[PDB]
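Trainee: Contents of input.pdb (PDB, C-alpha atoms):
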ATOM      1  CA  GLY A   1     247.135 192.278 180.284
ATOM      2  CA  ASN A   2     243.762 193.983 179.919
ATOM      3  CA  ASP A   3     241.264 193.950 182.787
ATOM      4  CA  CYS A   4     237.523 194.629 182.671
ATOM      5  CA  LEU A   5     234.245 193.584 184.294
ATOM      6  CA  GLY A   6     231.192 191.742 183.005
ATOM      7  CA  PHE A   7     227.502 192.629 183.110
ATOM      8  CA  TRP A   8     225.721 193.731 186.286
ATOM      9  CA  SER A   9     229.192 193.936 187.831
ATOM     10  CA  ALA A  10     229.672 196.464 190.631
ATOM     11  CA  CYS A  11     231.963 199.340 189.658
ATOM     12  CA  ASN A  12     232.824 202.984 190.330
ATOM     13  CA  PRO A  13     231.156 206.006 188.676
ATOM     14  CA  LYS A  14     234.540 207.737 188.543
ATOM     15  CA  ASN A  15     236.418 204.709 187.210
ATOM     16  CA  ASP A  16     234.393 202.538 184.833
ATOM     17  CA  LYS A  17     236.275 199.266 184.359
ATOM     18  CA  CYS A  18     233.440 197.442 182.598
ATOM     19  CA  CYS A  19     233.793 195.490 179.352
ATOM     20  CA  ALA A  20     231.762 194.909 176.189
ATOM     21  CA  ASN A  21     231.438 198.696 176.017
ATOM     22  CA  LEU A  22     229.268 198.539 179.139
ATOM     23  CA  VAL A  23     228.411 201.523 181.336
ATOM     24  CA  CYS A  24     228.851 202.196 185.052
ATOM     25  CA  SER A  25     225.539 203.544 186.350
ATOM     26  CA  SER A  26     226.276 206.253 188.917
ATOM     27  CA  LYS A  27     222.982 205.262 190.539
ATOM     28  CA  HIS A  28     222.971 201.462 190.740
ATOM     29  CA  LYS A  29     226.775 201.550 190.760
ATOM     30  CA  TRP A  30     227.245 198.622 188.379
ATOM     31  CA  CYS A  31     228.078 197.667 184.793
ATOM     32  CA  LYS A  32     224.695 198.006 183.085
ATOM     33  CA  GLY A  33     223.679 198.526 179.469
ATOM     34  CA  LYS A  34     223.686 202.121 178.250
ATOM     35  CA  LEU A  35     220.124 202.585 176.994
TER
END
Would it be possible to restate this file's structure as structure tokens?
Mentor:
Amino acid sequence: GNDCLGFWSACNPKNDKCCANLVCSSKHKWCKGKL
């Protein structure tokens, strides 16, 4: 079914597949918390 990533999980700035409403930092390139 669904598929997402956790926290501090590497991802793509063009395709954010993070969970918990996380954010894919285009800098660190990971699922961080949108401040």
Trainee: Calculate how many Å separate CA of residue 24 in chain A from CA of residue 6 in chain A, rounding to one decimal.
Mentor: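 Taking CA of residue 24 in chain A and CA of residue 6 in chain A, their separation equals 10.9 Å.
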Trainee: Residues near residue 23 in chain A, anyone? I mean within 9 Å using only C-alpha atoms, not counting same-chain ones fewer than 6 positions away, as an MDAnalysis selection string.
Mentor: chainID A and resid 16:17 30:34
Trainee: Quick check, in Å to one decimal: how far apart do CA of residue 14 in chain A and CA of residue 2 in chain A lie?
Mentor: 18.7 Å
Trainee: Tell me, in Å to one decimal, how far CA of residue 4 in chain A is from CA of residue 26 in chain A.
Mentor: 17.3 Å
Trainee: Can you list, as a VMD selection string, every protein, DNA or RNA residue that comes within 7 Å of residue 29 in chain A when you count only C-alpha atoms, leaving out same-chain residues fewer than 4 positions away?
Mentor: chain A and resid 10 to 13 24 to 25
